[PDB]
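Chains, contacts and geometry: an overview
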Amino acid sequence: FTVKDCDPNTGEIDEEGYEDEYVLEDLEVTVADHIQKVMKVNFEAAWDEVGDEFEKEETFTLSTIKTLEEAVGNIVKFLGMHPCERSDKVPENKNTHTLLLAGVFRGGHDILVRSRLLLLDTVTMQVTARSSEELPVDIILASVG
Amino acid sequence: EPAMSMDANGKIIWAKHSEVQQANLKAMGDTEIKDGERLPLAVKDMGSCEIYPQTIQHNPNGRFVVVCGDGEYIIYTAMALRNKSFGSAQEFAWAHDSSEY
């Protein structure tokens, strides 16, 4: 900006004044500015289907902590989607969990996620992102973080 | 020295003169001239602290200065002319990053 001084009493607004620039804050763009979180038009089918065309994967095996919760903090909250297919709920503890989760991404097509968190007693887990849009499968796996 | 630190826009804001009030900081200038030859300043004080310093150090982005004097540290929010913060020292490091100390 070109920075101009004020008199608030009665001012002056004149062509001159000199610039300095100040660095502003980052904008990060989310996976929730774009999405409508949903319930499926056809989960059974869709669920699978989305796999069919779309599916990328990441696996981790969890050996120092046996808790979802960290993961959980990043996922419900980052994606802004619904955990489910009756596979959401956990009390202050729970043995196993799946979020098979929903919403639709911008540009029309959908971004779909299944997270099977598996507890043997370590957690090893299958995160699936399946999508009706290509950019989202790679994204979900990242974005969730 | 006085206590001053310069924003790379081009304002070395110092304070005081030698024992004058701190009331005097500023300098964005406005003009250009030859290497050997000499230059003009702007005029618009801010400040009129009390504590008498001997350090000025800019924030790592010039920005937040922490100034120590009388043995305590006033940090200023500078443009703000706000006290960014204060306490008593002994010795210092900014976490260079520009976010801790």
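As annotated in the PDB entry, chain B carries the name Coatomer subunit beta' and comes from Mus musculus.

Taking the PDB entry as the reference, chain A is identified by name as Coatomer subunit gamma-1 belonging to Mus musculus.

**Notes on the overall build of chain B**
A count of helical and extended segments in chain B gives 0 helices and 6 strands. N-terminal to C-terminal, the α/β element order of chain B is β-β-β-β-β-β. Relative to the globule expectation of 13 Å for 101 residues, the C-alpha radius of gyration of chain B, 14 Å, shows essentially globular dimensions. For chain B, the spread of C-alpha atoms along the three principal axes comes to 45 × 30 × 25 Å. When contacts within chain B are restricted to residue pairs at least 6 apart in sequence, long-range pairs at least 24 apart make up 8% of them.

**Side note on the overall build of chain A**
A count of helical and extended segments in chain A gives 3 helices and 7 strands. Reading chain A from its N end, one meets helices and strands in the order β-β-α-β-α-β-β-β-β-α. Relative to the globule expectation of 15 Å for 145 residues, the C-alpha radius of gyration of chain A, 23 Å, shows a markedly less compact shape. For chain A, the spread of C-alpha atoms along the principal axes amounts to about 70 × 35 × 25 Å. Contacts in chain A between residues far apart in sequence, at least 24 positions, make up 40% of those at least 6 positions apart.

**Quick notes on the sheet that holds strand β3 (residues 53-59) of chain B**
All names here are of chain B. Spatial strand order, β3-β4-β5-β6: 4 strands in an open sheet with antiparallel pairing. Strands with a single pairing partner mark the edges of an open sheet, and in this sheet they are β3 and β6 (82-85). Mean inter-strand twist for the sheet, computed between neighbouring axes without regard to direction, equals 35 degrees. For strand β5 (residues 72-77) and β6, the ladder comprises 3 bridges, and the chain directions are antiparallel. Looking across to β6, one finds that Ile 75 is bridged to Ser 85.

**Things to note about the pairing of β3 of chain B**
Residue and element names in this part refer to chain B. Examined bridge by bridge, β3 and strand β4 (residues 62-69) share 5 bridges and lie antiparallel to one another. Note that in β4 the partner of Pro 53 across the bridge is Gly 69. Taking the residues between adjacent antiparallel strands as the criterion, β3 and β4 are bridged by 2 residues, where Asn 61 takes a positive phi near 155 degrees.

**Regarding the sheet that holds strand β4 (residues 82-83) of chain A**
All names here are of chain A. Overall, antiparallel pairing links the 5 strands, which are arranged β3-β7-β6-β5-β4 in an open sheet. Where the open sheet ends on each side, the last strands, each with one partner, are β3 (56-62) and β4. The pairing of β4 with strand β5 (residues 97-103) spans 2 bridges and is antiparallel. Within β5, the residue paired with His 82 across the bridge is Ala 102.

**As for unusual backbone geometry**
Residue and element names in this part refer to chain B. Even without being a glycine, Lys 26 presents a positive backbone phi close to 140 degrees. Summarising the element assignment, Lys 26 is placed in the loop between β2 (11-15) and β3. For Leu 81, which is not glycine, the phi torsion reads 70 degrees and is therefore positive.

**Some words on the pairing of β5 of chain B**
All names here are of chain B. Two strands pair when backbone bridges link them, and β4 and β5 are joined in this way by 5 bridges, in the antiparallel orientation. Directly across from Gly 69, in β5, lies its bridge partner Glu 72. Linking β4 back to β5 in an antiparallel pair, the connection comprises 2 residues, with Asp 70 at a positive phi of about 65 degrees. Here β5 folds back onto β6, and the loop between the two strands holds 4 residues, one of which, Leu 81, carries a positive phi near 70 degrees.

What counts, and where the lines are drawn
- Residues numbered from 1 in each chain as written, not as in the entry; some residues may be left out.
- Chains lettered and ligands numbered in written order.
- Part of a larger assembly, values for the part shown.
- Heavy atoms only, no water.
- Residues with missing side-chain atoms left out of burial classes, pairs and counts.
- Helix = DSSP H or I, 4+ residues; strand = E, 2+ residues; numbered from the N terminus.
- Rg over C-alpha atoms; globule rule 2.2 N^0.38 Å.
- Contact = heavy atoms within 4.5 Å.
- Pairing = 2+ DSSP bridges.
- Axes fitted to C-alpha atoms, helices over the stretch in contact; angles between N-to-C directions.

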